[PDB]
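Only one chain comes next, encoded as structure tokens, the form deposited without the named molecule.
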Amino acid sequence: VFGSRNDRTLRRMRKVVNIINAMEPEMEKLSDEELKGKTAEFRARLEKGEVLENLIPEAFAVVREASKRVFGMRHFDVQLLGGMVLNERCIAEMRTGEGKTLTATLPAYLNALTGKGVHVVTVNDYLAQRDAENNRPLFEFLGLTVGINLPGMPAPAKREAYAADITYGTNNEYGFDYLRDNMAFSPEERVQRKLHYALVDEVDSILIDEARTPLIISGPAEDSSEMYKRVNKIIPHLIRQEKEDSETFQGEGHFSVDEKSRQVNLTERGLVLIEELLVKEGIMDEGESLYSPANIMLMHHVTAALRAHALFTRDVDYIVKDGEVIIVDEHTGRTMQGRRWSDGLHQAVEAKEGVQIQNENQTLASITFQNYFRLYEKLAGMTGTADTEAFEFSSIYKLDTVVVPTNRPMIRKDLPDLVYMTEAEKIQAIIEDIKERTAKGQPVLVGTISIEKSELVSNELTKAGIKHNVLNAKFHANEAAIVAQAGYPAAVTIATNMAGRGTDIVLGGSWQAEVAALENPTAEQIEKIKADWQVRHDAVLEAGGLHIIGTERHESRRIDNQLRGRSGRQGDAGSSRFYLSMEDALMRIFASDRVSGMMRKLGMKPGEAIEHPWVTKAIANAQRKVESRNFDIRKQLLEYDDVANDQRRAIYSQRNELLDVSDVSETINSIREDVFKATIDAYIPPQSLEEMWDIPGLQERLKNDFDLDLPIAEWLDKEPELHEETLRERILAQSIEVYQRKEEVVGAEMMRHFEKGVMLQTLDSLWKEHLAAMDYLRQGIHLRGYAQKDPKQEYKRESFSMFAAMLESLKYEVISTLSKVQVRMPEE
């Protein structure tokens, strides 16, 4: 892209808009089938040597033309600007009323021409299926295909929707689909296509709030994981006092009077008790430490058995009857038979006693939305008039913030904040502001964020004698009835914490809702009501438009601005008036209410409008400061997230390669020699002495993990010229020979499929571990981050070592399993 962002971008887009407007009269001379022909033409031109960004003038013109024949609505110039910006990797701010559907249709058609697939992200399935079928007669009219992806849709149908030019779906399913696709065994099992372009309807929520939302799939294999019972089996060999089993201890702990430390904690700062668990039996007995990133998984498993012994006492902390585990509450004497402590805690208990061990419930597959949308090349979306955290768009997703002009001039009179001392003053001032407008015939919308104030203002309004209708969310039918005339002259509507966007309240009321209340609305009736409605609309205009009143403001300006943007629909008339008291909790956001107390000496004067604009500016400053503090926190959290993100991306790339390719002999053989070398180097050091070689250890390992019986002691005994290198190669050669011999019995193509599957399976198996391991270290690093060292940097270091170790273990078991397989080999 070229041209100064924002400033120059605005006029740059205008240059194209002019061309589109000039070519419009020409498009009106083109037949319906010609518009369709242009769409196909662009497809050909794109492969010929045409730039997508250069097709905008013609493409947008076709869309504008087609829309006039399909919907009869011409895409406004302001919409052309926004739709054009949505072709890049930027976020466009759209005012309430401009027309999101009439804007998002432009970038969709343009990017759809590439045939890569336009991924439209919706907040819910309602809008997803709504716009999908609504815009269908438009896109399909030009030849493009519209596909809808609903959560839970079968793979066959998904493939049809994903193979379409434009795909409508929810962010939730979008992420899950990606997970299922990447966790496939065969490339034909895929459901996705390409992450070329993504257009999200509301970034305010999906990109901001849902940024740190991880799609955790808890899909266990069930069965019976009796493997855990073999771990806890080593505990009864110890005594709770010394040698591993000890409730905290730390030398003393407490007196001999039921010293069961049920506060968990756990420590073992002696480093002499843990020495009893390590070594012997098998696994974690080779010489590995339990306080290493390459053994964090077992660390969180062995401690589970410990915190299931003296931590959870039988019959008091929990009760198991007939295999049914029920938690016993000692606080109020309650029994929880439908609950179980996660983090593998319940599993340790079920593995301690004669209970059937389950398959737990942890992260089988997970991905964060932020780490998902960041994979898309062209990531664009629409945002509301909220701003605030909008600055984080460039830091979280690296998107540029662009504002789109309104269709009509916004005549929303924004008034300053009138801060009073007591709530009585604040409320009374509101009543007065409303009462004065009740005589002028101006509709008043009270945005109470607190239910306590909603009833308070309602009682006060009744006291003064002012008509009012409260939007009780418990009665949607009531709300719809009020909203229909919420813009009616002198109509006081009270809203208790309204969600974003909201219904498009038309000034004067809604004749549609009026004619819909009649049995048979004839042409005469409709025209009559429209005539009356017209007068009602003009009346509100002379009154001052829709008057918004805010009793209390919100910390995050995102919601604050959302309420302010309720008026002036598509550039209409309105007035915003906010109030505040020294009793409201909002005065605590200024670091300390003691500071805000300086405003108590402003005079106030209940009944006199002090009108001080600097007050609003002060509040707005603090409002953005609150989120600035949150931003620092979000950044700190994302710091750890990106670490797992890169590792995930890396391992997913390798898994994808092995997924797409059919043959994997190259990889298998290349890692085969490496695995053997590493295993040999562990018993036989390079360029050492004969008496420095552990022949028995290597032989046993070969006859254990590689299923290869080789008498190395006999080989070197008769062949002294074997030296070392030749000896290593001999073992490898013999392995390859027997390997091929096993292969011939199973089948060449079959073995290749087997190896491919085993690689993916082993990778996935370790991936499940790594997912939990990352978490174990994520929280455990808090006790590892000492002074004179950054806890994030050290974490990344340990995480890198963990990943490396995982890779080594991957190649190890992959080659081992491929050899461990007991194939029925006949006498050759």
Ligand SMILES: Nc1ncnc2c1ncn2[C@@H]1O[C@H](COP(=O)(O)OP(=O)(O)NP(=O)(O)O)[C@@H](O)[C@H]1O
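One rule holds for the numbers: they count along the sequence shown, beginning at 1.
What comes next is about the form deposited with the named molecule bound, which is not displayed.
- Of the candidates 98, 165, 572, 204, 98 is the one whose heavy atoms come within 4.5 Å of the named molecule in the deposited bound form; the others do not.
- The single contact residue among 158, 547, 557, 75, judged by any heavy atom lying within 4.5 Å of the named molecule in the deposited bound form, is 75.
- Residues with any non-hydrogen atom within 4.5 angstroms of the named molecule in the deposited bound form fall in just one of 108-116, 611-619, 76-84, 397-405: 76-84.
- Residue contact with the named molecule in the deposited bound form: residue 501 places a heavy atom within 4.5 Å of it.
- In the deposited bound form, the named molecule sits within 4.5 Å of a heavy atom of residue 102.
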